[PDB]
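Report on one structure; see the data block that follows.
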Ligand SMILES: *[C@@H]1O[C@H](CO)[C@@H](O[C@@H]2O[C@H](CO)[C@@H](O)[C@H](O)[C@H]2NC(C)=O)[C@H](O)[C@H]1NC(C)=O
Ligand SMILES: *[C@@H]1O[C@H](CO)[C@@H](O[C@@H]2O[C@H](CO)[C@@H](O)[C@H](O)[C@H]2NC(C)=O)[C@H](O)[C@H]1NC(C)=O
Ligand SMILES: *[C@@H]1O[C@H](CO)[C@@H](O)[C@H](O)[C@H]1NC(C)=O
Ligand SMILES: *[C@@H]1O[C@H](CO)[C@@H](O)[C@H](O)[C@H]1NC(C)=O
Ligand SMILES: *[C@@H]1O[C@H](CO)[C@@H](O)[C@H](O)[C@H]1NC(C)=O
Ligand SMILES: N[C@@H](CCC(=O)O)C(=O)O
């Protein structure tokens, strides 16, 4: 996510090979935090309507 | 490891000689079990007739000693 | 002049049993005019048996004899074989203790017991162990004669199998009345195997089971298996026998005495009829014990050979050269909570069908116990991930690296008592993940498919499909092509995604270039209406409905089904765009002969989510399974599964 953006913006650099450890970015909280579900639900909602697409387009071209 | 071999179809046919070292090799392997099941239904009696079938286009690929 | 004698030896109402019919009009359906003769041995002592049989032979000159007695009998089978060797008359023992197989039988003797040997019972019991994946068993054995043959058969069957059986230990006991009781008790408290196999007579079985109950080997953490010998009168089992005992018997189980007599007379009559058809005449009647016909009398040998292989009413009655029933259909019976011998499974031909997909276990108080580590997993067929097949007919079971699965038992497919469930075998990506989870988290599981709706959609406030099964506690967890979304994550819990996916567009070979394109958002913008649709009752349909009202209202016209059919409609030209899941659309593009393409090079996955393992809300397994999935992702096993299951031809 960061390397591709750097290669696109600053150019003069290339990314090689295919992704070898597929994972995700997540909001971290203390163990058994009571409002985990809230956040998770919100994140899922942000994936559904349009929010993550807008955030991708606006920031990481 | 080709996906045409590891994902068999009725259309594609590859086989080897019956009761040979290759038959044992595919029997032993667990991750090659689907390949063995596909191969066993079309296995050939001898290598020479397998070569003739390959030239005939009845059999697409033949697995045998180098 | 065919004459068939029936001898009744059962020490119950024998006179009521001999008088039961004592007729000639019976056995009419037979291809012969039977001529029966009841002699009913009064008390079954050696002198009485010998004298009555000799008197019958020297009076009626019968062609064959059918013998019947009680189950407590031990040594009568020897005497009958002795008589058959001395007089060269074909006998046929049915029911009771006279039906236990003697393996060597006086080479020139036609005894023909109607029972099954010890090795075949061992084979059936070992296949029962295979079905529930029970290994590491122990053997209990008394000093009963023939125990060496039992142990050798156990070792041979364990050695000559595809599975890797692991015998733990074999213990020999006395199990005799009024003897050392400290020795048996001490030895029984040292065994810890979860599966125990015993071999002893009825009284010894009762003694052993009483001692085991004292030794705490009867509760739900111990399953016992015994052959026919340990059993007695199946109608009235003793109180010493623990609930959940398993044994294997023939079809003669639960049959009445008159039916058994009819079957024996029918076998003899059909043998004589075959002999008459082959040689044009009936076999010679038997002689008498006051002689010794040394010569083998090849006519009698031919009659015996004809009597060996014979079928009746669609059932195989072939006899091995060792004088016992070869390849008969057998039933596996168990002692249920009501303390009755319920029949559990069957052994038709070389394949095993059993009623219970999972073995029940009851507490010492006859309270149904359920193992906390046994998860019930619901799933559904999805070609890239879940594939169902019928088991291989040749080997009975199916190919390894394929987990057995059952189809929902709402509709009973028992057709009597065969099997109430369709037994298939499931394989693929999701099943591989489930097997890895079972190995890592160390839990056991069954697997059943969902026949009530697709993955899941709320209809009239209720949930169907996998989400319905999990939410209503019918299953512990759901695995398969299940997408994580808010409406499901509110009602149930979800695990960490193990394969990423989303909404993707499939077209036939970049005309659209975007899900939010004006072509889709405005169906009537230009050209006649765009023919794009999706499979209803899924996450994609709900996403489209909740986000783009115009999209959903147009999509109702093209309510596709059977994604393969949608794909072929795209190929023919009835459709130009297909909206579906990215994980399956990439696979469908990969194994395409025309190499259909997703809208953008990487599909520009919309509403990116993942496949998760559904669970009951606020469960316990969630944390452990999440950590196990994260470990699998970390060690690259998921990448290996992607390479081995979701590879494509023209994807590179
Ligand atoms: C997660 O979000 C839900 C909203 O859907 C919260 O549920 C509400 O919580 C407040 C205060 O906690 C209550 O006054 C409301 O009655 C709740 N709504 C319903 C429909 O029950 C929930 O509390 C949030 N989770 C946490 C940990 O705060
Ligand atoms: C039981 O088996 C015997 C032979 O094992 C069968 O008898 C044979 O019948 C065929 C008929 O074509 C003859 O050609 C053979 O010569 C016979 N052999 C002997 C040894 O008799 C007999 O038919 C079988 N029983 C039934 C009911 O079919
Ligand atoms: C056979 O038994 C009956 C009663 O069971 C008896 O009356 C009869 O005398 C017996 N016959 C013998 C022992 O020969
Ligand atoms: C069970 O099967 C019946 C058909 O016999 C059908 O109504 C439906 O699939 C099921 N009914 C339920 C679950 O109420
Ligand atoms: C989708 O749901 C509707 C209404 O419940 C039903 O009529 C239709 O057959 C379903 N489509 C499937 C199961 O493919
Ligand atoms: N994975 C999807 C199935 C395909 C679809 O309907 O989009 C789901 O469980 O909802």
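Since chain C takes its numbers from Swiss-Prot, the residues it shows come out as 29-537, 658-800.
Heads up, header says this was done by electron microscopy, 3.6 Å.
A Cβ is built for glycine as well, from the same backbone N, Cα and C atoms used for every other residue.
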Checking Swiss-Prot, the member of C:460, C:729, C:740 that binds L-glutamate with C:509, C:511, C:516, C:687, C:688 is C:729
Of the recorded positions C:337, C:438, C:454, C:511, C:685, which ones put their CB under 6 Å from ligand 4? C:438
Taking Cα atoms as reference points, which of the recorded positions C:73, C:337, C:509, C:516, C:743 is nearest to residue C:453 (disulfide bond)? C:509
Mind running the recorded positions C:70, C:317, C:426, C:433, C:438 against ligand 5 and keeping the ones whose CB falls under 6 Å of it? none
Can you list which of these recorded positions (C:70, C:509, C:511) have a Cβ closer than 6 Å to ligand 3? C:70
Other CB atoms, at most 10 A from the CB of residue C:73 (N-linked glycosylation site): 12
How big is the gap, in Å, between the Cα of residue C:516 (L-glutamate binding site) and that of residue C:438 (N-linked glycosylation site), rounded to a whole number? 25
With the fewest other Cβ atoms within 10 Å, the residue among the recorded positions C:337, C:438, C:685, C:687, C:688 is C:438
In whole Å, how far is residue C:688 (L-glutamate binding site) from residue C:73 (N-linked glycosylation site) when you measure between their Cα atoms? 81
Do any of the recorded positions C:82, C:337, C:438, C:798 touch ligand 2, in the sense that the CB is under 6 Å from one of its atoms? C:337
